[PDB]
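Undergrad: just to be clear, this is only the beginning of the complex, oriented as in the whole thing:
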Amino acid sequence: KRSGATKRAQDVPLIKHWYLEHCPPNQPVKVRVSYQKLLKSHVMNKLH
């Protein structure tokens, strides 16, 4: 950009792209489920 509007400190997720993308391979079941649940919450937020 080089120009912006100074969002609030809590309006910066910093790891959203980690679960918006695909899950890395060879992960335990709980990590995969965590990725899926966070993606579900984001999708539900975006839908409404």
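TA: Received, thanks. Residues are numbered from 1 along each chain as shown, chains lettered A, B, ... in the order given.

Undergrad: and residue A:2, which of the three is it?
TA: At residue A:2 the chain is in coil, as set by DSSP: H, G, I helix; E, B strand; the rest coil.

Undergrad: cool, and residue A:37?
TA: Going by three-state DSSP: residue A:37 is helix.

Undergrad: against residue A:35, how distant is the most centrally placed residue in chain A?
TA: In chain A, the residue lying closest to the centroid (Cα atoms, centre = their mean) is residue A:16, at 2.6 Å. In this view, residue A:16 and residue A:35 are 12 Å apart by Cβ to Cβ, to the nearest Å. Using the backbone N, CA and C atoms, a C-beta is placed for each residue, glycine as well.

Undergrad: to the structure above, add chain B:
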Amino acid sequence: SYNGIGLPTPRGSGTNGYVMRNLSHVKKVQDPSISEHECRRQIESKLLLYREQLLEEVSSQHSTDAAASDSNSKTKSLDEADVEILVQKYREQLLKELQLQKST
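TA: To build on what is shown above, here is chain B added in:
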């Protein structure tokens, strides 16, 4: 929920879903020769029209020769004698087909 496999939602059942692959699925001449004779007579007719074209060329040569003689339009070389030599060729090809039938 995926390729027709699974339940709509895990809620309401004692399970968590989690479908798995089966891992044990077993994935396994011509009879009426009159056609050829008709084709032969038809190619004979094509040769007949070819020789009529040749006769027309000969008629053009005759017209040029007559024009040269006059110097010293378009005319026809033979109006009907070509039909007699045509009948001679008919006799010739009938002899050919007789010889071919005898050979077979």
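
Undergrad: re earlier: got the contact list for the residue nearest to the centre of chain A?
TA: Residue A:16 sits next to residue A:42 when contact means Cβ atoms under 8 Å, 6 or more residues apart in numbering or on different chains.

Undergrad: for the helix or strand containing residue A:41, packing partners?
TA: Here residue A:41 sits within helix A:29-47, counting by DSSP states H and E. On a contact count with 3 or more Cβ pairs under 8 Å, 6 or more residues apart in numbering or on different chains; DSSP states H and E, helix A:29-47 meets helix A:16-20.

Undergrad: how about the helix holding residue A:41 as PDB, C-alpha atoms only?
TA: What follows is helix A:29-47, C-alpha atoms only, in PDB (Å, rounded to 0.1, in the frame of the first residue of the first chain):
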ATOM      1  CA  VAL A  29      -6.400 -35.100  13.800                       C
ATOM      2  CA  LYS A  30      -7.000 -32.300  16.400                       C
ATOM      3  CA  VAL A  31      -5.000 -29.800  14.400                       C
ATOM      4  CA  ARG A  32      -7.000 -30.600  11.200                       C
ATOM      5  CA  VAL A  33     -10.200 -30.300  13.100                       C
ATOM      6  CA  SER A  34      -9.000 -27.000  14.600                       C
ATOM      7  CA  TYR A  35      -8.300 -25.600  11.100                       C
ATOM      8  CA  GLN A  36     -11.800 -26.700  10.000                       C
ATOM      9  CA  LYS A  37     -13.600 -25.200  12.900                       C
ATOM     10  CA  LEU A  38     -11.900 -21.900  12.600                       C
ATOM     11  CA  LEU A  39     -12.700 -21.800   8.900                       C
ATOM     12  CA  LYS A  40     -16.300 -22.600   9.700                       C
ATOM     13  CA  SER A  41     -16.500 -19.700  12.200                       C
ATOM     14  CA  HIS A  42     -15.000 -17.400   9.600                       C
ATOM     15  CA  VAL A  43     -17.400 -18.600   6.900                       C
ATOM     16  CA  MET A  44     -20.400 -18.200   9.200                       C
ATOM     17  CA  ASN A  45     -19.200 -14.600  10.000                       C
ATOM     18  CA  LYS A  46     -18.900 -13.800   6.300                       C
ATOM     19  CA  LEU A  47     -22.200 -15.300   5.300                       C
END
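
Undergrad: one more chain, chain C:
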Amino acid sequence: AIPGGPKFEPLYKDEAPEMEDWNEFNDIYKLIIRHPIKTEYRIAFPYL
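TA: Just below you will find chain C, in place on the chains above:
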């Protein structure tokens, strides 16, 4: 549900056999099977 993505509730539970008939439309009798129609197709081209 794409196997990497979220799972929700049906949002449409009206699929009971109230018609009680197969409509002689989707029957195997008059259908050419070449490749199975995966859900990726149903998500890529939802209207077809």
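
Undergrad: spell out which residues of chain B are next to chain C.
TA: Neighbours of chain C within chain B, by Cβ under 8 Å from any Cβ of the partner chain: B:1-3, B:6, B:8-9, B:11, B:17.

Undergrad: closest one of those to residue A:22?
TA: residue B:2 (16.1 Å; Cβ to Cβ).

Undergrad: now for the residues of chain B next to chain C, which pair is the farthest apart?
TA: For the residues of chain B next to chain C, and using Cβ to Cβ, no pair is farther apart than B:3 and B:11, which are 21.4 Å apart.

Undergrad: ok, these two, which is more surrounded?
TA: residue B:3 (13 against 8; other Cβ atoms under 10 Å in any protein chain shown).
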